[PDB]
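Below, chain A is the first sequence line, B the second, and so on; all start at residue 1.
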Amino acid sequence: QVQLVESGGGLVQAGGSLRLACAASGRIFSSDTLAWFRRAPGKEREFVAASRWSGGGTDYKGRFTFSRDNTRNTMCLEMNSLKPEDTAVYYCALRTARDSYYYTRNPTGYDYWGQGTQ
Amino acid sequence: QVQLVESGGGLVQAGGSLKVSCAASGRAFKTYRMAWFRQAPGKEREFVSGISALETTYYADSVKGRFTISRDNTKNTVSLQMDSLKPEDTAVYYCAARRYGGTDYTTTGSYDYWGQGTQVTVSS
Amino acid sequence: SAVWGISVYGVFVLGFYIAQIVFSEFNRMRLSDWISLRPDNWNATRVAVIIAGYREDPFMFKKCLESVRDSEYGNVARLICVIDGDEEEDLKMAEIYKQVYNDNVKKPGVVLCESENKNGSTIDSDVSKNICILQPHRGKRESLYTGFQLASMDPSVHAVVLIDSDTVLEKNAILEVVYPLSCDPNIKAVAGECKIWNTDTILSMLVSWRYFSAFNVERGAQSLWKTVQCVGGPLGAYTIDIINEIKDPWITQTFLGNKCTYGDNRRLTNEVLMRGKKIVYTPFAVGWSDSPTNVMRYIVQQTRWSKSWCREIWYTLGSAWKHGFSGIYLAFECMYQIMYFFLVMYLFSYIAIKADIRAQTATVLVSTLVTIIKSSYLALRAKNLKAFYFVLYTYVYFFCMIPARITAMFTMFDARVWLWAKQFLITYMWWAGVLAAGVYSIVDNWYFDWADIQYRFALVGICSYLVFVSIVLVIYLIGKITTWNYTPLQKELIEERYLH
Ligand SMILES: CCCCCCCCCCCCCCCCCC(=O)OC[C@H](COP(=O)(O)OCCN)OC(=O)CCCCCCCCCCCCCCCCC
Ligand SMILES: CC(=O)N[C@H]1[C@@H](OP(=O)(O)OP(=O)(O)OC[C@H]2O[C@@H](n3ccc(=O)[nH]c3=O)[C@H](O)[C@@H]2O)O[C@H](CO)[C@@H](O)[C@@H]1O
Ligand SMILES: CC(C)CCC[C@@H](C)[C@H]1CC[C@H]2[C@@H]3CC=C4C[C@@H](OC(=O)CCC(=O)O)CC[C@]4(C)[C@H]3CC[C@]12C
Ligand SMILES: [Mn+2]
Ligand SMILES: [Mn+2]
């Protein structure tokens with residue numbers, strides 16, 4: 001129903017910053033939960049940040065901030081003050097509220113997932 | 001079509017009180033406009049007073065306050081009150097009825113129906 | 001006599017309308033001031049959405065569900081949909097619900113209203129997931145009771161919102177009907193403004209404008225004194241505790257020993273009023289719903305509403321004293337309605353009997369002036385020039401409300417021909433009587449006199465009234481062809497109805 005396409009990547013030094021953009025192909029309904037997930041070599045994915053389409057937001061942080069455009073069906077999460085251990089493959093995920101309205105950080109709850117970069 | 005018949009009218013001194021009434025029989029008397037006219041022996045017929053179907057009273061010159069007109073609906077009768085009689089009013093009064101008419105209302109031609117008339121005499 | 005009656009009628013109507021306008025403006029200012037202090041991203045109150053429907057159009061139900069999902073409120077515990085189904089025909093609504101909200105749909109074989117245990121734990125075990133309940137067809141009141149019981153299972157739920165199965169909600173509609181609840185502790189019910197989206201017929205436009213005027217004037221005036229007589233059906237909010245307290249009297253309503261089926265959204269409001277609680281209506285919440293476009297069904301609906309109003313005003317007057325100084329305005333409004341109906345009937349009878357051409361001309365002129373004033377006020381408030389069509393509401397009012405009122409009064413107490421007689425025979429008799437009075441007035445005054453100013457004035461007035469009516473009808477016909485009279489929301493609904 002909804003296809004998530006992410007953009008951005010490459011190799012960056014420990015001192016620098018970069019921006020990642022994820023594009024959604026479908027209807028968000030202003031109620032779905034969108035989160036960014038990353039996987040490190042040798043361990044399972046961990047929560048990074050999330051925010052509802054209507055509003056709100058959460059992290060973990062302060063270093064990373066969440067932003068949405070809300071008219072082009074695009075979402076961006078830029079990283080500031082990167083670290084060598086912070087390098088990972090980032091995924092774009094969407095959570096639907098059809099089953100329930102409760103908020104959870106479990107990646108298994110999210111139904112729509114995108115590809116990975118870097 | 002309605003038939004107009006008058007009653008009353010006689011000799012009276014100046015300043016007296018006299019009553020004239022006109023009786024009409026028809027399908028609907030309230031839909032006919034009534035008027036009073038005079039025929040002096042020297043001049044032609046002239047308008048005196050008249051009342052419309054909507055209880056509107058019209059009075060000619062010099063008889064604005066001296067003459068009072070009124071109409072009755074349940075007995076289909078119209079009466080004219082005479083106050084402060086003057087010998088120059090010694091003439092014959094005709095009762096006229098009209099159901100359809102234009103702006104003009106002070107001419108004999110505008111009234112289709114007419115009555116026999118009763119003579120009124122005023123002596124000083 | 002006639003002039004005195006016309007004068008007092010005009011003064012009464014204009015004074016009440018201006019007072020209601022001032023009260024509505026004050027209420028709007030108060031709500032604006034309250035909103036101005038609202039913190040951003042306010043989601044303190046947990047709200048549960050309850051939707052009840054029966055044989056709703058699948059497209060309308062899907063649009064309503066999508067609009068509910070489009071709401072920006074982030075503190076919705078769950079969505080509860082109750083359908084009085086248990087039949088193969090009603091399975092379409094359940095199928096449409098699954099495509100929009102989850103999969104788990106339950107079809108219990110019993111009704112909680114007629115069950116020994118009315119708790120929601122018997123039919124439901126999980127509150128996190130949205131639930132749809134299919135039950136045997138009993139009524140709208142029975143369906144709402146199941147939703148109330150299901151919502152009361154979760155202690156975290158603090159308020160509930162009732163949405164019809166064919167209601168389109170805005171993004172901030174839910175927030176605007178739940179924010180006033182926390183403003184004052186005595187506030188327990190909130191009503192939202194309802195606007196008609198379909199205006200493709202002359203009847204639909206008049207119904208929409210009447211709805212807009214009612215919501216923006218009378219409900220605002222009631223909300224200023226916190227004595228709202230009837231909350232919005234398609235859009236409304238209630239507190240969980242008062243609903244749990246008054247559910248039993250609402251479900252066990254007896255008038256003269258027989259159960260009351262119709263009259264929804266009125267007995268609950270009256271029961272809230274009997275407790276001394278305060279009801280506040282907000283205009284900032286907009287809900288879109290359809291309106292009847294046929295004279296027969298509109299008359300039937302108005303007759304049902306009149307019956308409900310006649311049943312409810314007795315308890316309303318009997319309970320208005322519990323508000324102390326408040327409720328005096330509500331009693332005055334009820335007396336206004338009763339005296340206005342009686343006065344309108346008395347003037348109609350007097351006009352029919354007397355048939356004095358001066359009387360009808362003056363009545364028509366003053367009615368036209370009132371309609372122009374009301375249309376100008378509506379245009380100024382709504383910032384739309386289409387509000388001038390309210391001048392034509394007099395015809396539909398005269399031809400619908402009075403026959404409906406007579407039917408409600410006569411059928412309140414005590415094959416197909418008898419059933420059909422109770423619906424439109426009274427309306428047909430009223431129409432025949434009106435036509436007979438009109439032809440008698442025309443025949444009795446079959447004369448012409450241009451020398452009389454009064455007859456000239458009456459003829460000029462009636463000619464001007466007919467010319468104005470013809471001009472308004474021609475303007476409406478031109479707008480209908482150009483489709484300018486269509487509401488902005490109607491264009492999309494047509495677009496994705498065609499693209500379906
Ligand atoms: C110049 C610019 C334009 C100006 C426009 C305005 C001025 C127009 C011209 C005015 C000057 C007068 C000249 C008019 C010429 C045409 C009129 C005419 O001559 O006929 C009048 C008509 C005669 O018709 P007839 O009955 O057949 O009698 C013929 C007798 N040989 O006599 C009639 O009977 C006609 C009247 C018909 C009856 C009308 C009664 C109306 C009553 C209204 C009742 C309202 C009922 C309301 C119902 C709802 C109540 C709640
Ligand atoms: C926009 C508007 O002013 N709508 C009113 C109108 O409804 P309206 O004119 O829309 O008539 P409907 O009965 O078709 O719609 C009312 C709603 O109640 C539902 N329904 C109907 C029958 C039933 O047995 N169980 C059930 O739940 C319908 O599915 C529908 O969603 O008159 C009703 C009173 O009768 C009011 O409550 C509504 O507020
Ligand atoms: C011989 C036959 C074919 C002709 C019959 C004529 C009547 C049926 C028409 C002519 C003009 C109409 C009237 C014009 C204005 C009004 C005012 C209206 O009252 C209001 O304005 C209420 C306003 C509100 O609060 O919403 C009541 C109907 C009424 C009398 C209308 C009733 C129907 C009338 C009398
Ligand atoms: Mn519907
Ligand atoms: Mn409906």
Side-chain angles (χ1 to χ4, degrees), chain A residues 31-33 52 54 56 95-106 109, chain C residues 41-53 65 68-69 71-83 97-98 100-108 110-113 115 117-135 141-163 169 173-175 177-182 185 187-190 235-248 250-251 268 272 277:
Chain A
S31 189
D32 291 331
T33 302
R52 202 151 282 189
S54 46
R95 178 163 149 87
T96 187
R98 293 171 69 195
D99 187 50
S100 169
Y101 276 83
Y102 289 6
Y103 182 76
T104 178
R105 280 155 77 142
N106 207 4
Chain C
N41 315 302
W42 179 85
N43 58 302
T45 314
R46 196 83 166 282
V47 193
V49 178
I50 298 149
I51 290 168
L65 294 161
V68 166
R69 201 170 154 186
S71 302
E72 292 179 304
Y73 202 62
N75 215 19
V76 171
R78 89 198 287 202
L79 161 75
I80 294 148
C81 170
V82 188
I83 298 152
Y97 162 85
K98 286 194 277 191
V100 192
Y101 286 97
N102 76 20
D103 185 343
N104 191 1
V105 182
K106 319 204 84 184
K107 186 191 64 143
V110 293
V111 177
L112 274 175
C113 297
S115 295
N117 210 31
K118 314 197 170 54
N119 299 120
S121 61
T122 68
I123 64 159
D124 179 44
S125 76
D126 197 4
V127 290
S128 71
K129 316 281 153 272
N130 303 331
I131 186 158
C132 168
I133 299 295
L134 280 149
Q135 68 178 359
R141 302 166 71 92
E142 281 97 330
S143 308
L144 286 163
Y145 190 82
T146 290
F148 291 149
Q149 285 298 94
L150 286 164
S152 66
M153 308 180 30
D154 207 346
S156 67
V157 170
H158 304 142
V160 294
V161 159
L162 300 179
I163 302 297
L169 300 163
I174 285 172
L175 168 69
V177 296
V178 307
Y179 176 59
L181 283 171
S182 76
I187 289 170
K188 296 291 184 217
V190 177
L235 171 58
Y238 281 85
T239 303
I240 183 67
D241 48 61
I242 185 67
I243 293 298
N244 290 324
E245 157 180 336
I246 74 187
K247 55 189 179 213
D248 290 284
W250 185 59
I251 208 66
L268 203 57
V272 170
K277 305 298 117 180

Determine the minimum heavy-atom distance between [X] and [Y], stating which atoms define it.
| X | Y | answer |
| --- | --- | --- |
| C/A159 | C/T45 | CB-CG2, 4.4 Å |
| C/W42 | C/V178 | CH2-O, 4.0 Å |
| C/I131 | C/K106 | CD1-CD, 3.7 Å |
| C/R46 | C/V76 | NE-C, 4.2 Å |
| C/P180 | C/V177 | CD-C, 4.1 Å |
| C/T239 | C/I187 | OG1-O, 4.2 Å |

### Query
Between C/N117 and C/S115, does any side-chain donor sit less than 3.5 Å from a side-chain acceptor?
no
### Message
Under a 3.5 Å threshold, yes or no: a donor from one side chain and an acceptor from the other, between C/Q149 and C/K247?
### Response
yes
How long is the span from the [atom1] atom in [X] to the [atom2] atom in [Y], to the nearest 0.5 Å?
| X | Y | atom1 | atom2 | answer |
| --- | --- | --- | --- | --- |
| A/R98 | C/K98 | CZ | NZ | 11.0 Å |
| C/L134 | C/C81 | CG | SG | 8.0 Å |
| C/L112 | C/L150 | CG | CG | 7.0 Å |
| C/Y145 | C/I50 | OH | CD1 | 13.0 Å |
| C/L235 | C/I174 | CG | CD1 | 9.0 Å |
| C/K118 | C/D248 | NZ | CG | 6.5 Å |

### Task
For C/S128, check side chain to side chain contact (heavy atoms under 4.5 Å, CB included) against everything at least two apart and list the hits.
A/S100, A/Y102, C/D126
### Query
Could C/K129 and C/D124 be called an ion pair, given the rule that one side-chain N must be under 4.0 Å from one carboxylate O?
no
### Query
Is any side-chain N of the basic residue among C/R69 and A/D32 closer than 4.0 Å to the acidic one's carboxylate O?
yes
So do [Y] and [X] actually touch side chain to side chain, heavy atoms under 4.5 Å?
| X | Y | result |
| --- | --- | --- |
| C/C132 | C/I83 | yes |
| C/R141 | C/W250 | yes |
| C/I51 | C/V68 | yes |
| C/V105 | C/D103 | no |
| C/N102 | C/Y97 | yes |
| C/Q135 | C/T146 | yes |
| C/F148 | C/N244 | no |
| A/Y101 | C/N75 | no |

Give a yes or no answer on whether the side chain of [X] reaches the backbone of [Y] with a donor-acceptor pair at less than 3.5 Å.
| X | Y | value |
| --- | --- | --- |
| A/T104 | A/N106 | yes |
| C/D154 | C/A77 | no |
| C/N130 | C/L79 | yes |
| C/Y101 | C/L65 | yes |

